[PDB]
Colleague: 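Mind having a look at this structure? Questions to follow.
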Amino acid sequence: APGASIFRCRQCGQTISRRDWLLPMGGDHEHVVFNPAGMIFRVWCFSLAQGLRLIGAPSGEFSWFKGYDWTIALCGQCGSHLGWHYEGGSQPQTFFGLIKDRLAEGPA
Amino acid sequence: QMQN
Ligand SMILES: [Zn+2]
């Protein structure tokens, strides 16, 4: 009966990812970053996610992860901005950078 | 807003 196993959208409960899918990018699953509007984000990297909607075409501008292009990842249900999808890199080719405090962690 |  684990209580930490899955991540849901904090705003609506949409199923998004699992603890098992945490990815230590550059040796840490957590990355503390800011965007050009100076917003600070505690980003958890996941190899896999579901229930998102990826919007727009990938951009390399201001990428926090060298060699990766990002798209905005919204909650596919409620439209909450949950993070970004990263692609175009190597090892891994793709992953998700999700904003920790926008997810709720709990049992399956 | 939502830029990475
Ligand atoms: Zn949602």
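So that the names make sense, note that chain A is the first sequence line, chain B the second, and so on, each numbered from 1.
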Colleague: Within the structure provided, determine whether A:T15 and A:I6 are in side-chain contact (heavy-atom separation under 4.5 Å).
Modeller: yes
Colleague: With a 4.5 Å limit on heavy-atom distance, are the side chains of A:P92 and A:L23 in contact?
Modeller: yes
Colleague: Sequence neighbours excluded, which residues qualify as side chain to side chain donor-acceptor pair (under 3.5 Å) partners of A:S47?
Modeller: none
Colleague: State, with a plain yes or no, whether a side-chain heavy atom of A:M39 is found less than 4.5 Å away from one of A:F34.
Modeller: no
Colleague: So if you build clusters from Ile, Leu, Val, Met, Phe, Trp, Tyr with side-chain heavy-atom gaps below 4.5 Å, do A:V43 and A:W21 land together?
Modeller: no
Colleague: Per the ring pair (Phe, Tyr, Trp, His ring centres under 6.0 Å) rule, which among A:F46, A:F65, A:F96 passes with A:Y86?
Modeller: A:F65
Colleague: Do A:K100 and A:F7 have side chains that approach each other closer than 4.5 Å (heavy atoms only, starting at C-beta)?
Modeller: yes
Colleague: Would you say that A:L82 contacts A:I99 through its side chain, given a criterion of any heavy-atom pair below 4.5 Å between the two side chains?
Modeller: no
Colleague: Could you check whether any side-chain heavy atom of A:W64 comes within less than 4.5 Å of a side-chain heavy atom of A:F41, counting everything from C-beta outward?
Modeller: yes
Colleague: Do A:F95 and A:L54 share a hydrophobic cluster (ILVMFWY, side-chain heavy atoms under 4.5 Å, transitive)?
Modeller: no
Colleague: If you take all heavy atoms of A:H81 and A:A73, which pair is closest and at what distance?
Modeller: CD2-O, 3.4 Å
Colleague: Does the side chain to side chain contact (heavy atoms under 4.5 Å, CB included) test come out yes or no for A:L74 and A:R53, once each step is laid out?
Modeller: CA-CA 5 Å; A:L74 306 182; A:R53 178 164 55 98; 3.7 Å; yes
Colleague: With sequence neighbours excluded, tell me which residues meet salt bridge (charged side-chain N to carboxylate O under 4.0 Å, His left out) with A:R42.
Modeller: A:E30
Colleague: Find the distance between CG (A:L22) and CG (A:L98) and round it off to the nearest 0.5 Å.
Modeller: 9.5 Å
Colleague: If you define the side chain from C-beta out and look only at heavy atoms, does anything of A:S17 sit under 4.5 Å from A:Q50?
Modeller: no
Colleague: Within the side chain of A:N35, is there an N or O that forms a donor-acceptor pair under 3.5 Å with the backbone of B:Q3?
Modeller: yes
Colleague: The criterion is side-chain contact (heavy atoms from CB on, under 4.5 Å); which residues satisfy it with A:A4, sequence neighbours excluded?
Modeller: A:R19, A:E105
Colleague: Where is the tightest heavy-atom contact between A:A57 and A:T71, given as atom of each residue plus distance?
Modeller: C-CG2, 3.9 Å
Colleague: Do the side chains of A:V33 and A:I72 join up, straight or via other hydrophobic residues, at under 4.5 Å, putting them in one cluster?
Modeller: yes
Colleague: A:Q14: what forms a side-chain contact (heavy atoms from CB on, under 4.5 Å) with it, not counting sequence neighbours?
Modeller: A:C9, A:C12, A:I16, A:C75, A:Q77
Colleague: Using a 4.5 Å cut-off on heavy atoms from C-beta on, say whether the side chain of A:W84 contacts that of A:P58.
Modeller: no
Colleague: List in chain and number order the residues that pass side chain to side chain donor-acceptor pair (under 3.5 Å) with A:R18, two or more places apart in sequence or in another chain; answer none if no residue qualifies.
Modeller: none
Colleague: Tell me every residue that passes side-chain contact (heavy atoms from CB on, under 4.5 Å) with A:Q93, counting only those two or more places apart in sequence or in another chain.
Modeller: none
Colleague: Go through A:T94 and A:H85 one step at a time and tell me if the side chain to side chain contact (heavy atoms under 4.5 Å, CB included) criterion holds.
Modeller: CA-CA 7 Å; A:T94 69; A:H85 184 242; 3.7 Å; yes
